[PDB]
>>> print(open('protein.txt').read())   # compact mmCIF, C-alpha atoms and all ligand atoms
# COMPACT_ATOMS: atom_id res chain seq x y z
CA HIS J 20 -16.90 54.33 -33.35
CA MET J 21 -19.10 57.36 -34.08
CA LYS J 22 -22.67 57.01 -32.90
CA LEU J 23 -25.90 58.32 -34.43
CA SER J 24 -28.39 60.42 -32.50
CA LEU J 25 -31.72 62.06 -33.45
CA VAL J 26 -32.86 65.50 -32.30
CA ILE J 27 -36.52 65.23 -31.39
CA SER J 28 -38.83 68.25 -31.27
CA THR J 29 -41.00 68.59 -28.18
CA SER J 30 -43.84 70.88 -27.18
CA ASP J 31 -43.18 73.19 -24.24
CA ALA J 32 -44.33 71.44 -21.05
CA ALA J 33 -45.65 74.74 -19.63
CA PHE J 34 -47.99 75.08 -22.59
CA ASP J 35 -49.00 71.41 -22.52
CA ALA J 36 -47.42 68.82 -20.23
CA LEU J 37 -49.22 65.96 -21.98
CA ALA J 38 -48.05 67.17 -25.39
CA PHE J 39 -44.45 67.26 -24.19
CA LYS J 40 -44.63 63.73 -22.79
CA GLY J 41 -46.42 62.51 -25.92
CA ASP J 42 -43.94 64.18 -28.29
CA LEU J 43 -40.99 62.80 -26.32
CA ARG J 44 -42.28 59.24 -26.23
CA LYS J 45 -43.23 59.27 -29.90
CA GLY J 46 -39.85 60.71 -30.83
CA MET J 47 -37.83 58.29 -28.75
CA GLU J 48 -39.77 55.30 -30.06
CA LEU J 49 -39.20 56.58 -33.60
CA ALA J 50 -35.50 56.97 -32.95
CA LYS J 51 -35.17 53.44 -31.57
CA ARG J 52 -37.18 51.93 -34.45
CA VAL J 53 -35.03 53.64 -37.07
CA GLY J 54 -31.77 52.57 -35.40
CA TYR J 55 -30.48 55.66 -33.61
CA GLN J 56 -28.30 55.03 -30.54
CA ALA J 57 -29.37 58.14 -28.61
CA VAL J 58 -31.67 61.13 -28.75
CA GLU J 59 -31.14 64.81 -28.22
CA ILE J 60 -33.75 67.14 -26.82
CA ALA J 61 -34.31 70.87 -26.43
CA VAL J 62 -36.16 72.47 -23.53
CA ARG J 63 -36.89 76.07 -22.70
CA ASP J 64 -37.23 75.73 -18.93
CA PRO J 65 -36.25 72.42 -17.28
CA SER J 66 -37.98 73.25 -14.00
CA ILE J 67 -41.47 72.41 -15.34
CA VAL J 68 -40.66 68.89 -16.63
CA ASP J 69 -40.87 65.65 -14.66
CA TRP J 70 -37.39 64.32 -15.39
CA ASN J 71 -37.75 61.07 -13.50
CA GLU J 72 -40.48 60.12 -15.96
CA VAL J 73 -38.07 60.99 -18.77
CA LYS J 74 -35.33 58.85 -17.22
CA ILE J 75 -37.72 55.89 -16.89
CA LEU J 76 -38.54 56.23 -20.58
CA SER J 77 -34.83 56.39 -21.45
CA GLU J 78 -34.16 53.26 -19.39
CA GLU J 79 -37.10 51.31 -20.83
CA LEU J 80 -36.02 52.05 -24.40
CA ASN J 81 -32.26 51.74 -23.78
CA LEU J 82 -31.91 55.13 -25.40
CA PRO J 83 -29.61 57.68 -23.76
CA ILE J 84 -30.07 61.42 -24.05
CA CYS J 85 -26.76 62.70 -25.39
CA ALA J 86 -27.35 66.47 -25.44
CA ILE J 87 -29.76 69.12 -24.20
CA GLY J 88 -30.49 72.24 -26.27
CA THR J 89 -31.12 75.61 -24.63
CA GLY J 90 -31.98 77.98 -27.47
CA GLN J 91 -35.62 78.58 -26.59
CA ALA J 92 -34.42 80.19 -23.36
CA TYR J 93 -33.29 82.99 -25.68
CA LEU J 94 -35.98 82.85 -28.37
CA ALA J 95 -38.96 82.61 -25.99
CA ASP J 96 -37.72 84.07 -22.73
CA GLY J 97 -35.13 86.57 -23.99
CA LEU J 98 -32.42 85.19 -21.74
CA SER J 99 -28.88 85.79 -22.98
CA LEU J 100 -25.46 85.11 -21.45
CA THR J 101 -24.23 88.39 -22.94
CA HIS J 102 -27.33 90.56 -22.34
CA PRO J 103 -26.36 94.18 -21.67
CA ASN J 104 -28.64 94.09 -18.60
CA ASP J 105 -26.67 92.22 -15.93
CA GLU J 106 -29.94 91.14 -14.28
CA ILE J 107 -30.89 89.23 -17.42
CA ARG J 108 -27.32 87.86 -17.71
CA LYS J 109 -27.70 86.45 -14.19
CA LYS J 110 -31.09 84.97 -14.99
CA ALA J 111 -29.60 83.37 -18.12
CA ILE J 112 -26.81 81.81 -16.08
CA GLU J 113 -29.38 80.56 -13.55
CA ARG J 114 -31.47 79.05 -16.35
CA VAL J 115 -28.51 77.24 -17.90
CA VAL J 116 -27.56 75.91 -14.45
CA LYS J 117 -30.98 74.21 -14.43
CA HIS J 118 -30.15 72.70 -17.84
CA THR J 119 -26.92 71.31 -16.37
CA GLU J 120 -28.90 69.73 -13.51
CA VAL J 121 -30.99 67.81 -16.04
CA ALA J 122 -27.91 67.02 -18.16
CA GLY J 123 -26.22 65.46 -15.14
CA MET J 124 -29.05 62.95 -14.81
CA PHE J 125 -28.36 61.71 -18.33
CA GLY J 126 -24.66 62.29 -18.85
CA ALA J 127 -25.63 64.78 -21.56
CA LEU J 128 -23.82 67.76 -23.08
CA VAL J 129 -25.33 71.22 -22.63
CA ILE J 130 -25.51 73.16 -25.88
CA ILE J 131 -24.57 76.82 -25.88
CA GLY J 132 -26.17 78.10 -29.09
CA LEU J 133 -28.51 81.11 -29.29
CA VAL J 134 -28.54 81.44 -25.48
CA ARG J 135 -25.16 83.20 -25.76
CA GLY J 136 -26.93 86.22 -27.28
CA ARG J 137 -25.95 88.71 -29.97
CA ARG J 138 -23.72 91.79 -30.23
CA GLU J 139 -26.73 94.14 -29.99
CA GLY J 140 -24.81 97.11 -31.42
CA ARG J 141 -21.69 96.47 -29.34
CA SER J 142 -18.12 95.61 -30.27
CA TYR J 143 -17.29 91.95 -30.82
CA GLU J 144 -14.67 92.39 -28.08
CA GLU J 145 -17.14 93.46 -25.40
CA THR J 146 -19.60 90.74 -26.35
CA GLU J 147 -16.83 88.15 -26.24
CA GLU J 148 -15.60 89.37 -22.84
CA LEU J 149 -19.11 89.18 -21.36
CA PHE J 150 -19.55 85.71 -22.83
CA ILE J 151 -16.28 84.45 -21.39
CA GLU J 152 -17.21 85.83 -17.97
CA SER J 153 -20.56 84.02 -18.13
CA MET J 154 -18.96 80.73 -19.21
CA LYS J 155 -16.41 81.00 -16.44
CA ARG J 156 -19.27 81.59 -13.98
CA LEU J 157 -21.06 78.50 -15.31
CA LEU J 158 -17.89 76.45 -14.81
CA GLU J 159 -17.51 77.77 -11.28
CA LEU J 160 -21.09 76.81 -10.59
CA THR J 161 -20.95 73.27 -11.88
CA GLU J 162 -18.76 70.30 -11.02
CA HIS J 163 -19.48 67.87 -13.83
CA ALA J 164 -21.33 69.73 -16.60
CA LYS J 165 -19.81 69.79 -20.07
CA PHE J 166 -20.72 72.50 -22.52
CA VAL J 167 -20.49 72.80 -26.29
CA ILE J 168 -20.38 76.12 -28.13
CA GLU J 169 -22.14 75.96 -31.51
CA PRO J 170 -21.16 78.47 -34.21
CA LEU J 171 -24.32 79.64 -35.99
CA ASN J 172 -24.83 81.43 -39.27
CA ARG J 173 -25.02 85.23 -39.72
CA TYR J 174 -28.80 85.36 -39.87
CA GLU J 175 -29.16 83.78 -36.43
CA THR J 176 -26.38 85.70 -34.70
CA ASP J 177 -23.47 88.05 -35.22
CA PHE J 178 -21.56 86.47 -32.34
CA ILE J 179 -19.49 83.27 -33.01
CA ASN J 180 -20.18 82.42 -36.64
CA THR J 181 -17.20 80.13 -37.30
CA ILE J 182 -15.31 77.27 -35.75
CA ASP J 183 -12.28 79.61 -35.50
CA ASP J 184 -14.39 82.13 -33.55
CA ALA J 185 -15.21 79.36 -31.09
CA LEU J 186 -11.63 77.99 -30.85
CA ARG J 187 -10.37 81.45 -29.94
CA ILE J 188 -12.93 81.64 -27.13
CA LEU J 189 -12.07 78.10 -25.93
CA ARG J 190 -8.44 79.14 -25.55
CA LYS J 191 -9.51 82.05 -23.33
CA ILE J 192 -11.89 79.98 -21.20
CA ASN J 193 -9.18 77.33 -20.83
CA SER J 194 -11.35 74.42 -19.64
CA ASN J 195 -11.69 70.93 -21.06
CA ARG J 196 -15.32 71.07 -19.93
CA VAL J 197 -16.10 73.34 -22.87
CA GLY J 198 -15.82 72.21 -26.48
CA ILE J 199 -17.29 72.78 -29.93
CA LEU J 200 -20.52 71.67 -31.57
CA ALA J 201 -20.17 71.97 -35.37
CA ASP J 202 -23.35 72.01 -37.47
CA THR J 203 -23.16 71.22 -41.18
CA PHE J 204 -26.07 73.48 -42.12
CA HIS J 205 -24.39 76.46 -40.47
CA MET J 206 -20.92 75.51 -41.73
CA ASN J 207 -22.24 75.35 -45.29
CA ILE J 208 -22.73 79.10 -45.07
CA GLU J 209 -19.95 80.27 -42.75
CA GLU J 210 -16.89 78.02 -43.22
CA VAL J 211 -14.46 78.46 -46.10
CA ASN J 212 -13.17 74.90 -46.18
CA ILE J 213 -15.16 72.56 -43.97
CA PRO J 214 -12.72 69.64 -43.73
CA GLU J 215 -9.96 72.12 -42.80
CA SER J 216 -12.20 73.77 -40.18
CA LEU J 217 -12.87 70.41 -38.58
CA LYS J 218 -9.15 69.56 -38.52
CA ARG J 219 -8.57 72.84 -36.68
CA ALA J 220 -11.22 71.85 -34.15
CA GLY J 221 -9.60 68.46 -33.69
CA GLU J 222 -9.93 67.17 -30.13
CA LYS J 223 -12.16 70.16 -29.23
CA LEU J 224 -14.99 68.79 -31.41
CA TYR J 225 -17.30 67.33 -28.75
CA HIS J 226 -20.59 67.04 -30.66
CA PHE J 227 -21.81 67.22 -34.25
CA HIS J 228 -25.08 68.35 -35.86
CA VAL J 229 -26.02 67.23 -39.33
CA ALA J 230 -28.58 68.48 -41.80
CA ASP J 231 -28.24 69.04 -45.51
CA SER J 232 -27.62 72.38 -47.26
CA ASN J 233 -31.37 73.21 -47.22
CA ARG J 234 -31.56 71.81 -43.68
CA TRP J 235 -33.53 68.82 -44.96
CA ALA J 236 -32.54 65.25 -44.10
CA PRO J 237 -28.91 64.53 -45.02
CA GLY J 238 -29.01 63.22 -48.57
CA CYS J 239 -31.68 65.65 -49.75
CA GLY J 240 -29.61 68.74 -50.53
CA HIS J 241 -26.12 69.18 -51.99
CA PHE J 242 -23.84 69.17 -48.97
CA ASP J 243 -20.69 67.05 -49.32
CA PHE J 244 -20.99 64.69 -46.32
CA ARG J 245 -18.38 62.34 -47.79
CA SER J 246 -15.48 64.74 -47.25
CA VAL J 247 -16.78 65.61 -43.78
CA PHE J 248 -16.90 61.99 -42.63
CA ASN J 249 -13.44 61.33 -44.09
CA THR J 250 -12.21 64.17 -41.89
CA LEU J 251 -14.09 62.97 -38.80
CA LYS J 252 -12.31 59.62 -39.24
CA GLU J 253 -8.95 61.36 -39.62
CA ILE J 254 -9.33 63.39 -36.40
CA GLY J 255 -10.53 60.28 -34.59
CA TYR J 256 -14.01 61.58 -33.83
CA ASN J 257 -15.88 58.94 -31.88
CA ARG J 258 -18.77 60.78 -30.26
CA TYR J 259 -22.27 61.56 -31.51
CA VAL J 260 -23.48 62.62 -34.91
CA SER J 261 -26.89 64.11 -34.22
CA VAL J 262 -29.51 64.71 -36.87
CA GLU J 263 -30.96 68.21 -36.43
CA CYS J 264 -33.00 68.78 -39.55
CA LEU J 265 -36.35 70.00 -40.80
CA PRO J 266 -39.03 67.29 -41.05
CA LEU J 267 -38.48 67.19 -44.82
CA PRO J 268 -39.00 65.51 -47.08
CA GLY J 269 -42.33 64.02 -46.09
CA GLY J 270 -42.49 64.56 -42.34
CA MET J 271 -40.59 63.79 -39.14
CA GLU J 272 -40.50 60.01 -39.58
CA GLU J 273 -39.51 60.00 -43.24
CA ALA J 274 -36.79 62.60 -42.60
CA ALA J 275 -35.36 60.61 -39.69
CA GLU J 276 -35.27 57.44 -41.82
CA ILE J 277 -33.63 59.13 -44.80
CA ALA J 278 -31.08 60.81 -42.53
CA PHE J 279 -30.20 57.53 -40.85
CA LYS J 280 -29.70 55.70 -44.14
CA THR J 281 -27.50 58.44 -45.56
CA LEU J 282 -25.32 58.71 -42.48
CA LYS J 283 -25.10 55.01 -41.74
CA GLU J 284 -23.71 54.31 -45.20
CA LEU J 285 -21.05 57.02 -44.85
CA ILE J 286 -19.97 55.82 -41.41
CA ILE J 287 -19.81 52.12 -42.29
CA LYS J 288 -17.70 52.77 -45.41
CA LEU J 289 -15.49 54.85 -43.10
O1 LIG J 301 -28.46 74.90 -34.87
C1 LIG J 301 -29.12 75.37 -33.96
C2 LIG J 301 -29.23 74.63 -32.64
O2 LIG J 301 -28.31 73.55 -32.62
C3 LIG J 301 -29.82 76.71 -34.15
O3 LIG J 301 -29.82 77.11 -35.50
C4 LIG J 301 -31.26 76.65 -33.66
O4 LIG J 301 -31.93 75.64 -34.37
MN MN J 302 -27.45 72.85 -34.72
>>> encode(input="protein.txt", output="structure tokens")
Amino acid sequence: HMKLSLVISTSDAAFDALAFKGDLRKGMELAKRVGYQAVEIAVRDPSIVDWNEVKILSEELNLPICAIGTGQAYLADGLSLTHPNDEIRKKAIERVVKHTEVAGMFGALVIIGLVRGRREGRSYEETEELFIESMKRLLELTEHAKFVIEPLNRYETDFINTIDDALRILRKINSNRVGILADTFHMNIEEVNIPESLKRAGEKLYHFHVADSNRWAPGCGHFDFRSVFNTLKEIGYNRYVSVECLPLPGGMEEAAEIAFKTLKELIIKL
């Protein structure tokens, strides 16, 4: 009952509103043509996008938006939920609230990846406490939003690198509106035994990102997707499997097609 989704890259609408709209339309039409059941997007600042135009596009194509990424809020705007400057922490929370407003229009998950920030020379314990405070604030501020924490590899952050790191935090937050997003590219570096890590996540696995070991289309590296999909079946995972990969080999369209074929075969034989 798993469903396949495609992450589509979009230009920043502040830089070029027409480019954003063009990228989005092209990406959603590509997704539908290949066979994906939903798309996933990433936006830096939701306040500059016309979301009713996006919803019309989603309706016309019968293509839901299943998740909204937030990482550029950190990479471009320096906003972090654990920033040592409480003013920036507040601005980060305010930004992510705007992401939840968009997510509510689509029934989408809000991804908490890089926007959580890094240790920045501090103890893990302090960073974790600040993060939990910020997540609790986000939950107090929202009635329906659902969040997923994505463990990322050591080169992207030193805060939450493993599924176990995230499960520990979920137990402290204590809300079913926060779960885990596992990403096979990141797990290939950070997890000891990936099937075991996913069993530990269990019901807390709310979303799934796939890319091969080199972050190319699934099928084009050496990651063992077979064992992963066996485990997803065993834990009863029935939500989205979202392709978040480099446009390789051979560009965005070719990568999306290769990814779909690889994943579809695994799912159907499972
Ligand atoms: O995996 C992610 C976002 O899901 C980060 O590495 C940024 O691409
Ligand atoms: Mn990811």
>>> axis_aligned_box(input="protein.txt", around="segment 257-270 of chain J", padding_each_side="4 Å", output="lines of an AutoDock Vina configuration file")
center_x = -29.2
center_y = 64.5
center_z = -38.7
size_x = 34.6
size_y = 19.1
size_z = 24.8
>>> atom_distance(input="protein.txt", atom1="atom CA of residue 91 of chain J", atom2="atom CA of residue 238 of chain J")
27.6 Å
>>> closest_atom_pairs(input="protein.txt", of="chain J", to="ligand LIG 301 (chain J)", cutoff="9 Å", atoms="only C-alpha atoms and all ligand atoms", output="CSV")
residue,atom,partner,partner_atom,distance
J:61,CA,J:LIG301,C2,8.9
J:88,CA,J:LIG301,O2,6.8
J:89,CA,J:LIG301,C2,8.3
J:90,CA,J:LIG301,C4,6.4
J:91,CA,J:LIG301,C4,8.5
J:130,CA,J:LIG301,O2,7.3
J:131,CA,J:LIG301,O2,8.4
J:132,CA,J:LIG301,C2,5.8
J:133,CA,J:LIG301,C3,6.7
J:169,CA,J:LIG301,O2,6.7
J:170,CA,J:LIG301,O1,8.2
J:171,CA,J:LIG301,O3,6.1
J:172,CA,J:LIG301,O3,7.6
J:175,CA,J:LIG301,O3,6.8
J:200,CA,J:LIG301,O2,8.1
J:201,CA,J:LIG301,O2,8.7
J:202,CA,J:LIG301,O1,6.4
J:204,CA,J:LIG301,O1,7.8
J:205,CA,J:LIG301,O1,7.1
J:228,CA,J:LIG301,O2,6.9
J:263,CA,J:LIG301,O2,7.1
J:264,CA,J:LIG301,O4,8.7
>>> write_last_selection(input="protein.txt", atoms="C-alpha atoms", output="short mmCIF file (atom, residue, chain, number, x, y, z; two decimals), in the frame of the given file")
data_model
loop_
_atom_site.label_atom_id
_atom_site.label_comp_id
_atom_site.auth_asym_id
_atom_site.auth_seq_id
_atom_site.Cartn_x
_atom_site.Cartn_y
_atom_site.Cartn_z
CA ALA J 61 -34.31 70.87 -26.43
CA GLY J 88 -30.49 72.24 -26.27
CA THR J 89 -31.12 75.61 -24.63
CA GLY J 90 -31.98 77.98 -27.47
CA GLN J 91 -35.62 78.58 -26.59
CA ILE J 130 -25.51 73.16 -25.88
CA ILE J 131 -24.57 76.82 -25.88
CA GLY J 132 -26.17 78.10 -29.09
CA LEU J 133 -28.51 81.11 -29.29
CA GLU J 169 -22.14 75.96 -31.51
CA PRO J 170 -21.16 78.47 -34.21
CA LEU J 171 -24.32 79.64 -35.99
CA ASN J 172 -24.83 81.43 -39.27
CA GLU J 175 -29.16 83.78 -36.43
CA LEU J 200 -20.52 71.67 -31.57
CA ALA J 201 -20.17 71.97 -35.37
CA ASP J 202 -23.35 72.01 -37.47
CA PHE J 204 -26.07 73.48 -42.12
CA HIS J 205 -24.39 76.46 -40.47
CA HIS J 228 -25.08 68.35 -35.86
CA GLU J 263 -30.96 68.21 -36.43
CA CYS J 264 -33.00 68.78 -39.55
#
>>> closest_residue(input="protein.txt", among="J:21, J:214, J:161, J:226", to="residue 289 of chain J", atoms="all atoms listed in the file")
J:21
>>> atom_distance(input="protein.txt", atom1="atom CA of residue 246 of chain J", atom2="atom CA of residue 286 of chain J")
11.6 Å
>>> closest_residue(input="protein.txt", among="J:267, J:26, J:45, J:126", to="ligand MN 302 (chain J)", atoms="only C-alpha atoms and all ligand atoms")
J:26
>>> residues_around(input="protein.txt", residues="residue 207 of chain J", least_positions_apart="5", cutoff="10 Å", atoms="all atoms listed in the file", output="list in words")
residues 172, 202, 212, 213, 230, 231, 232, 233, 241, 242 and 243 of chain J
>>> atom_distance(input="protein.txt", atom1="atom CA of residue 125 of chain J", atom2="atom CA of residue 275 of chain J")
22.5 Å
>>> closest_residue(input="protein.txt", among="J:255, J:97, J:237, J:266", to="residue 135 of chain J", atoms="only C-alpha atoms")
J:97
>>> closest_residue(input="protein.txt", among="J:139, J:195, J:234, J:268", to="ligand MN 302 (chain J)", atoms="only C-alpha atoms and all ligand atoms")
J:234
>>> closest_residue(input="protein.txt", among="J:23, J:192, J:128, J:98", to="residue 114 of chain J", atoms="all atoms listed in the file")
J:98
>>> residues_around(input="protein.txt", residues="segment 73-83 of chain J", least_positions_apart="6", cutoff="8 Å", atoms="only C-alpha atoms", output="list in words")
residues 44, 47, 48, 51, 56, 57, 58, 124 and 125 of chain J
>>> closest_residue(input="protein.txt", among="J:193, J:99, J:119, J:203", to="residue 181 of chain J", atoms="all atoms listed in the file")
J:203
>>> residues_around(input="protein.txt", residues="residue 173 of chain J", least_positions_apart="6", cutoff="9 Å", atoms="all atoms listed in the file", output="JSON list (two decimals) with C-alpha atoms, in the coordinates of the input")
[["chain", "number", "residue", "atom", "x", "y", "z"],
["J", 179, "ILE", "CA", -19.49, 83.27, -33.01],
["J", 180, "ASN", "CA", -20.18, 82.42, -36.64],
["J", 205, "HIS", "CA", -24.39, 76.46, -40.47],
["J", 208, "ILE", "CA", -22.73, 79.10, -45.07],
["J", 209, "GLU", "CA", -19.95, 80.27, -42.75]]
